[PDB]
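Below is one structure, written out as structure tokens, with a few remarks after it.
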Number of protein chains: 2
Amino acid sequence: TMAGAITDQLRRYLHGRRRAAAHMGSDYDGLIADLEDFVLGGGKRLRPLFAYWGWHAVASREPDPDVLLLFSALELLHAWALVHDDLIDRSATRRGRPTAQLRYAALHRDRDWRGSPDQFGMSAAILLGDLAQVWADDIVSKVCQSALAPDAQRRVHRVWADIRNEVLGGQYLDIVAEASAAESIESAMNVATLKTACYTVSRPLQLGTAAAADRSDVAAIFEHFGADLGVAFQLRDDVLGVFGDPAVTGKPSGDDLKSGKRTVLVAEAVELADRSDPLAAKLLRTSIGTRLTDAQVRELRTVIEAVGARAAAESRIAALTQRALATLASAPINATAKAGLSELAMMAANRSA
Amino acid sequence: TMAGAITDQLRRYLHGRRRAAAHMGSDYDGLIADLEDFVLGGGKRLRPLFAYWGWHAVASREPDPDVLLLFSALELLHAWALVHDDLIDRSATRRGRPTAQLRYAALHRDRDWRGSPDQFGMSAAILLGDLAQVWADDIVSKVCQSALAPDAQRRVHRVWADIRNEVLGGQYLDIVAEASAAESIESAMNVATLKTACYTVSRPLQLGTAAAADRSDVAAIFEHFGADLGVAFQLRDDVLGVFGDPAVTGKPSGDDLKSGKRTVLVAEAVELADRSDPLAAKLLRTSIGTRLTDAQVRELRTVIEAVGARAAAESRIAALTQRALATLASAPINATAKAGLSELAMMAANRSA
Ligand SMILES: C=C(C)CCOP(=O)(O)OP(=O)(O)O
Ligand SMILES: C=C(C)CCOP(=O)(O)OP(=O)(O)O
Ligand SMILES: [Ca+2]
Ligand SMILES: [Ca+2]
Ligand SMILES: [Ca+2]
Ligand SMILES: [Ca+2]
Ligand SMILES: [Ca+2]
Ligand SMILES: [Ca+2]
Ligand SMILES: [Cl-]
Ligand SMILES: [Cl-]
């Protein structure tokens, strides 16, 4: 598949970087191997595929192997975002496996090393994410230099600078929104635009278009396409994060409420509760972000569906997907791209995991 | 001066990036401003100046303003290394000022925000360092694209990939050396080669040569020059870190012993004590890395000078500086570069701060 072809290009790159760094010893090599295992250990490769479809939309052909490696840099950049997000959220596990800070704290304990095991695991996790990010940029630098016309390089760099600036801004805005207890739908929408719309949809698409041709019309259209679809993707995550079945999502039931995230769905519930039951709005305001029992969580989930926040979320998702498909249909891109991205937009809007 | 010209090029770049990101709101803007204040808030600009002299060594002229901005990327990359090092070391202050995690935890408290103030400060500090590093690479990408011949770009990228790979490896090796209690002089020398020789001397020099011309002879010579001088720089830090006067160094007396660093000087003291007093070696082995009173620290410092570790360190510094000046003198570079770098090598070898 195309995800597998992009994965193989990343697998070969990391193996080369790992061999070239072997002179730094077996401890650093074990760090690089742990990065390999984490990156190549599966995933949908959603962001590289968005770059692939952004390439097909305005290109006459299929891309060279080096351009697939450029797309794979989004996957390595995502490892950086995830590794540092696990430190930010203080998560113990990710997709069933221990987070980096726990793996390296356990390595510390297994060898009866001195000092705090948790300080070591946190330090090593910082450096692991840092490594993923410098190597992700090394891919962009190397592919640009050796495989792209100088015009394609300039367009690729502008997208590369935007995607990393916007994901960093989205992360900081998100932790500020939780700390300041920003209730508004606008605050959550602003974070979703940077963390989901830009970082997951719009900028990946534009990376592919930038690598293919100078199509400023298509770049601006994918901005509007990613704005609707990304917010639809985020709202889907918010519904799953509250009402998802753990056997289907793999996340604990009502994880967003347990973790105190400031989502659009939660923000809309507070607004709808102000309209229909002030005491229900008071329950939400004074419970979000606090240590909740499983009873409190189930109670808050019923209140969220009660005030109609779930129905409003599902209505928004349909509307944003419809307008995203409308934007995609009347677009000066190849019909093959229109069909591929319409498949993705439907899957992202209506999934259960 | 040249440090001021490089600083001004960085000041203008960050102001441009900050204006271009203003649409993300006042909270992220406050983060960018804090990065400005930290980077531009002083410094010797040692690594950019090494890139400057590496440029003069093989160039017929003085560099364009954009090439000075490329040199300033080393200063922004250093902000990343310092911000994440403060999290790794759990330092409360740096050069008199609060570290990032303390500034942002205090911002959290000042606004009566919710959650853990320290978790927020740690999260914000991670993102601050991340920002400095993506923007440092954005400088290298932008200057390469718009100011360098494609041959100069390829040489610059190879140095850029090495310096960030080696500083990351040096950091990980350093925390592994402290956790595993690696006593040997070789372990400390290995860390010093990556953290000091490569990251501070060799790679900065090579960045300047790479931006000027294809002089593989000079690049290999600066590798040998930075190997002697960097280890001399590190040994100077180790002596200051144990025997430095706080009024002169600005660090607390015997900071390296208080912080439990695995330095060459400490490693040599354990080896010399094995030779002259096993019980003194036992005192060092069982005290390094532990919580020490000020009496213990002063006792350990006397033991270090007793076994002659300080004299051995000062002898090594003179020898490495002599061979570094010998390497510099018989080098196919401009005589102006030879005089400038000889000034730096003397200052780095014999300083008190
Ligand atoms: C891409 C970024 C910035 C983080 C990825 O993790 P998520 O965004 O899915 O995780 P939470 O913030 O929901 O915990
Ligand atoms: C460049 C790097 C990796 C860190 C800079 O700080 P120092 O190296 O001077 O700090 P310590 O490790 O001695 O605490
Ligand atoms: Ca998070
Ligand atoms: Ca998370
Ligand atoms: Ca999320
Ligand atoms: Ca340190
Ligand atoms: Ca330090
Ligand atoms: Ca040091
Ligand atoms: Cl909406
Ligand atoms: Cl030596």
Side-chain angles (χ1 to χ4, degrees), chain A residues 43 46-47 74-95 99-101 123 129 132-133 136 163-178 188 191-201 203-204 230 233-238 240-242 244 249-250 252 255-266 348 353, chain B residues 78 81-95 99-101 123 126-127 129-131 134 170-171 174-175 178 191 195-196 237 241 250 252 255-256 258-263:
Chain A
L46 184 58
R47 293 161 191 80
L74 292 172
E75 200 71 8
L76 197 52
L77 186 76
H78 196 54
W80 157 74
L82 291 177
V83 164
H84 283 184
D85 183 69
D86 285 336
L87 292 160
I88 288 164
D89 294 348
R90 305 282 280 181
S91 302
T93 58
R94 164 174 298 281
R95 300 298 272 190
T99 53
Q101 63 258 46
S123 299
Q133 195 258 108
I163 191 172
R164 283 143 60 245
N165 197 29
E166 282 157 353
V167 71
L168 283 174
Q171 276 288 64
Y172 189 67
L173 261 51
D174 210 7
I175 67 168
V176 169
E178 295 188 12
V191 175
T193 295
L194 296 168
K195 295 229 311 193
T196 314
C198 288
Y199 169 74
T200 300
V201 195
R203 303 314 177 201
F233 189 108
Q234 183 63 67
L235 284 145
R236 188 34 81 210
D237 281 7
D238 300 351
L240 294 175
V242 174
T249 74
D255 190 45
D256 289 1
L257 297 176
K258 271 185 260 252
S259 64
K261 298 176 171 181
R262 290 290 176 168
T263 63
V264 178
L265 172 72
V266 159
Chain B
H78 196 54
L82 291 177
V83 164
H84 283 184
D85 183 69
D86 285 336
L87 292 160
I88 288 164
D89 294 348
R90 305 282 280 181
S91 302
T93 58
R94 164 174 298 281
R95 300 298 272 190
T99 53
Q101 63 258 46
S123 299
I126 293 173
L127 298 171
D130 285 351
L131 178 65
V134 304
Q171 276 288 64
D174 210 7
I175 67 168
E178 295 188 12
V191 175
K195 295 229 311 193
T196 314
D237 281 7
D255 190 45
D256 289 1
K258 271 185 260 252
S259 64
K261 298 176 171 181
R262 290 290 176 168
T263 63

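For the numbers below, each heavy atom of this structure counts, side chains included, while hydrogens, waters and symmetry mates do not. One-based numbering, in listed order, for ligands and for the atoms of each. Chain letters run A, B, ... following the sequence lines, proteins first, then strands; residues in each count from 1.
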So OG1 of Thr249(A) and CG of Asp255(A): to nearest 0.5 Å the spacing works out to 8.0 Å
Numbered in order shown, the ligand 1 atoms found under 4.0 Å of a heavy atom of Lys261(A) are 11 (P), 13 (O), 14 (O)
When rounded to the nearest 0.5 Å, the distance separating CG of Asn165(A) from CG of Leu131(B) is 6.5 Å
In ligand 1, the atoms that come under 4.0 Å of a heavy atom of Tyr199(A) are 1 (C)
- Residues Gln171(B) and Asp85(B): side-chain donor-acceptor under 3.5 angstrom: yes
inquiry  = So, regarding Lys195(A) and ligand 1 (criterion: nitrogen or oxygen to nitrogen or oxygen, under 3.5 Å), is there a contact or not?
reply    = yes
The answer for which part of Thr200(A) has a heavy atom under 4.0 Å from ligand 1 is neither
Between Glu178(B) and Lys261(B), does any side-chain N to carboxylate O distance fall below 4.0 Å?
no
**Prompt:** Would atom 9 (O) of ligand 1 count as contacted, meaning some protein heavy atom under 4.0 Å?
**Reply:** no
Rounding to 0.5 Å, atoms CG (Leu127(B)) and CD1 (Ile175(A)) come to a distance of 5.5 Å
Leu82(A) heavy atoms within 4.0 Å reach ligand 1 at atoms 5 (C), 6 (O)
With a 3.5 Å distance limit and no angle check, can you tell me whether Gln101(B) reaches the backbone of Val83(B) through a side-chain donor-acceptor pair? no
When rounded to the nearest 0.5 Å, the distance separating OG1 of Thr99(B) from CZ of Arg94(B) is 8.5 Å
**Prompt:** Do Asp174(A) and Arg262(A) meet the salt-bridge criterion of a basic N to acidic O distance under 4.0 Å?
**Reply:** no
ask   = If you measure every N/O of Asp89(A) against every N/O of ligand 1, is any gap under 3.5 Å?
value = yes
Filtering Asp237(A), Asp238(A), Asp85(A) for the heavy atom nearest atom 7 (P) of ligand 1 leaves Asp85(A)
Under 4.0 Å from one or more heavy atoms of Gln171(A), ligand 1 contributes atoms 3 (C)
Under 4.0 Å from one or more heavy atoms of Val167(A), ligand 1 contributes atoms 3 (C)
Given the options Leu74(A), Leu77(A), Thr193(A), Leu168(A), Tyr199(A) meets side chain to side chain contact (heavy atoms under 4.5 Å, CB included) only with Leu77(A)
For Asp89(A), the N, O or S atom at the shortest distance from the Ca ion (ligand 4) is OD2
for atom 2 (C) of ligand 1, nearest protein heavy atom and its distance come out as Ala81(A) CB, 4.1 Å
min-distance N/O/S atom, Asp85(B) vs the Ca ion (ligand 7), resolves to OD2
